[PDB]
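For reference, the chain that follows is the form deposited in one PDB entry, supplied as structure tokens.
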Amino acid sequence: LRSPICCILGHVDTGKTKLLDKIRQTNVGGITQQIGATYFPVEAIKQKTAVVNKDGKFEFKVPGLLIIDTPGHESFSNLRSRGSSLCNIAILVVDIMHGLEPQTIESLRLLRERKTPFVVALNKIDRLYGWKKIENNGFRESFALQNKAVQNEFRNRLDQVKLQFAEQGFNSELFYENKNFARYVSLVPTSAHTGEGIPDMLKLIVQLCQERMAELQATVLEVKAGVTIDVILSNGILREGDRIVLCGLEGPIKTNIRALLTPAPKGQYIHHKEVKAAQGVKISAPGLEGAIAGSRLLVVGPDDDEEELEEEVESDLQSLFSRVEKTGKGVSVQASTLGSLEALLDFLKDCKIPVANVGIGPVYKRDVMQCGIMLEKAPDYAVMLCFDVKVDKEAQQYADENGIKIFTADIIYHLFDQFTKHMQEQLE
């Protein structure tokens, strides 16, 4: 069998890094660091959840859990239709003391559109005034030992957070009060500081994956400059020397896996003849320049037709490139990954904003030039809406020289706001 994959999402300063760090802690099958991910064998999970499984009734049917730290939008890297190949389930981290934030809200909307199951970590409960910690305890067990004032503050903050979620269209319940997984999103109070609530969280993640979610699937999660690719192997086997095709900026990329690399526990990496799901692995291969984050990775077998596979891997990006106005009058859009780009196109289509040009990866002069033609065509739309992407300095300079506006945002809403402001300025 294989291990479910869990992605951890959160607003900055919400304690996701500290949380994953606390989840990693061990007395040591050992918890093992992998490329862009951390693997938890079922024994380690049993140990971390034992305190909330004292009777032993809970059955683990799973070999392990893979957890990917996904700060920002990497959990949404691939196209929506394949979301489960990247993340079976997610953990959304919210600071209980400040409640819902904008990045959190965007994360919520994106998780909902992609139909990605998630639970919420209501983190930093130790910040409750007078909280009496019991390290690594289950939340209920610790909560029972708190004074009246602490319980009161918890309930108040909880009701408030529940309201903020309700406004966003999500019905939420405290996890042990939660009765139906289909009806409510579970809120699990946690402390990255004390470890409290983490047993509950791991047990719940495992429970949901098993109860609800009981061919090769591999996704390019990151591209690192020679150029190597960090890949999440969700299903199947990858082997050294495998003939692979993936999505590239200027067309399909076809090459052969030179090396399968994981971090050394010495040299820097250890090589593998082969790796099996679920695994985060680094791939070394010639000609990986222009690889697209969020791209599928396909292996060309003996019966397979490499051309058809090239077409198939490029088809995601092409499906995005084709989503443009027939009129040819519209804005240019750009994003870092297939999923982010898809989200941007869907959002703008909802906003009835017309798009004439679609780009992926960091913004370069060619993208800005392409936008610049609109300036001759229809000047008002000679702008770029750029979602979570870097803008090359020369591209920005060229834009400023030629009166092309480049709008950038970490949140998709802001692109809309900025564009509306721009249009009102043009009509002003």
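Take the two forms, superpose them, and find the largest set of C-alpha atoms that agree within 1.5 Å; that set is the rigid core. The first residue of the shown sequence is 1; numbering continues from there.
Asks: What is the count, as a class, of unmodelled deposited residues between residue 251 and residue 252: none, 1 to 3, 4 to 9, or 10 or more?
Replies: Gap size class: none, per the record.
Asks: Averaging the C-alpha B factors as listed in the entry, name the stretch that ends up higher: 116 to 124 or 321 to 329.
Replies: Result: 321 to 329.
Asks: Look over 132 to 140 and 173 to 181 in the entry and identify the one with the greater average Cα temperature factor.
Replies: Stretch with the higher mean C-alpha B-factor: 173 to 181.
Asks: Per the entry's Cα B factor values, which of 304, 240, 74, 95 stands out as the maximum?
Replies: The record points to 304.
Asks: Lowest, middle or highest third: where is residue 378 by Cα B-factor in its chain?
Replies: Within its chain, residue 378 is a highest-third residue by C-alpha B-factor, going by the deposited values.
Asks: Compare the C-alpha B factor of residue 81 with those of the other modelled residues in its chain, then answer lowest, middle or highest third.
Replies: For residue 81, the deposited C-alpha B-factor lands in the middle third.
Asks: Going by the CA temperature factor in the PDB record, which third of the chain does residue 221 belong to: lowest, middle or highest?
Replies: Middle third - that is where residue 221 ends up once the chain's C-alpha B-factors are sorted.
Asks: When the deposited Cα B-factors of this chain's modelled residues are ordered and cut into thirds, is residue 109 in the lowest, the middle or the highest one?
Replies: It falls in the middle third of the chain.
Asks: Taking the C-alpha B-factors as the PDB entry records them, is residue 359 in the lowest, middle or highest third of its chain?
Replies: It belongs to the lowest third of the chain when residues are ordered by C-alpha B-factor.
The form deposited in another entry is left out here; the points below concern that form.
Asks: Core fitted between the shown form and the other one: which of 193, 157, 73, 203 shows a C-alpha shift of 2 angstroms or more?
Replies: With the rigid core superposed, the residue that stands out is 73.
Asks: If I superpose the two forms on their rigid core, does the C-alpha of residue 306 end up displaced by 2 Å or more between the shown form and the other one?
Replies: Yes; that C-alpha moves by at least 2 Å between the shown form and the other one.
Asks: For a quick test of reading the superposition: does residue 169 move by 2 Å or more at the CA between the shown form and the other one, rigid core aligned?
Replies: After core superposition, the C-alpha of residue 169 moves less than 2 Å between the shown form and the other one.
Asks: Please check if residue 273 moves between the shown form and the other one, taking a CA shift of 2 Å or more relative to the superposed core as movement.
Replies: Comparing forms between the shown form and the other one, the residue 273 CA shifts at least 2 Å.
Asks: What direction does the residue 84-residue 108 Cα distance move in the other entry compared with the shown chain, closer or farther, given a change of 3 Å or more?
Replies: Nearer in the other entry, by 3 Å or more.
Asks: Which is it in the other entry for the CA atoms of residue 84 and residue 91, closer or farther than here, knowing they shift by 3 Å or more?
Replies: It is closer: in the other entry, the C-alpha atoms of residue 84 and residue 91 lie at least 3 Å nearer than they do here.
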